[PDB]
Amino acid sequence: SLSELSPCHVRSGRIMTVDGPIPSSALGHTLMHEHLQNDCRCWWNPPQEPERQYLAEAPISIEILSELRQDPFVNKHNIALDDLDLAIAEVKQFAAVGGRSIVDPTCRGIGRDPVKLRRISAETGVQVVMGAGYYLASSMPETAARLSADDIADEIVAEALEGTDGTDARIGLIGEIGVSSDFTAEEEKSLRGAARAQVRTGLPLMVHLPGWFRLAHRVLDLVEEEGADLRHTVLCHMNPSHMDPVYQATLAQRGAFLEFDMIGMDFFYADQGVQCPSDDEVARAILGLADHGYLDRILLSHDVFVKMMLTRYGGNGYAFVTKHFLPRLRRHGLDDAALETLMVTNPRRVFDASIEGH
């Protein structure tokens, strides 16, 4: 009969960062979905072609970038953000263009580390909000199998109230819960646990979608069924469904945030046989959603999750959305006020339910 709400629940007016609560007004210019450190080794796509073996063991170098872009998971070096010093330098680029906060949804199974997040936040001066929960079935630890939906919910609640991974750092978002195109029983159990935790903690809920598929409405049905708040639920990886305006708009209508977290990402995922859309295509979709009154549901990010996405390795880094995509949205007809809404007001809205709509 005790309340389990986070001291930084959506009706508190505060946000839980790895360094403690901050007023929602201090969030400022924000990147809603970025990985600062992680481990994607489980997604390694072994080259079966004899001609393509050199791509697996070699460290990222300028001469192999083209091939990596057509199959980023083929390279072992690429699939792990484990360079803290580089992470710090790359994040400083964001801070250099006004960046103030970063939401890191790296959860259980893919390298979440509060100790490392605090080091980055302290050295960069950029505020960091940490996520929680379980990812895709393949990344789930041996122990998850014995856990019930409520057991998973309990773990999340504890991280929002007590601490995480043996530290007193607490989460500020229940996030990047894995839902694959197969939407396995494990994943459903995981999502139900996250949704129940959303109700118990009052924290925003972020769900990883299989972007090239269309399970978003089924995802929201489940969240809604568990009693969670759709207006504080974020649907990740919307970029690939840019050509389905009805799909995207009806989702926004239900209240969920539509996160276009793949800005700048243009890879072809050989494994899945899917292509990331262009920024122009995404820009038009965003323009369409805004024209239909859903501007306050749109979120932008890069979803940096591999080394080749850092500028040091030829990538766009964490300052690309701010430096290059915003000007592109301008070219598509969006005004300054809209840009402020996208990078500042909407992120705040995800965490603060008292913020008026658009």
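Residue numbers here begin at 1 and follow the sequence given.
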| property | result |
| --- | --- |
| Comparing 49-57 with 294-302, the one whose average Cα B-factor in the PDB entry is higher | 49-57 |
| Mean temperature factor over C-alpha atoms, higher-scoring stretch between 108-116 and 86-94 | 108-116 |
| Options 127, 139, 241, 250 - largest CA temperature factor per the record | 139 |
| Residue of maximum C-alpha B factor among 167, 101, 278, 198, per deposited coordinates | 167 |
| Position of residue 158 among the chain's modelled residues by C-alpha B-factor, lowest, middle or highest third | middle |
| Residue 219 by Cα B-factor - lowest, middle or highest third of the modelled chain | middle |
| Position of residue 131 among the chain's modelled residues by C-alpha B-factor, lowest, middle or highest third | lowest |
| Position of residue 146 among the chain's modelled residues by C-alpha B-factor, lowest, middle or highest third | highest |
| Modelled-residue ranking by C-alpha temperature factor, third containing residue 320 | lowest |
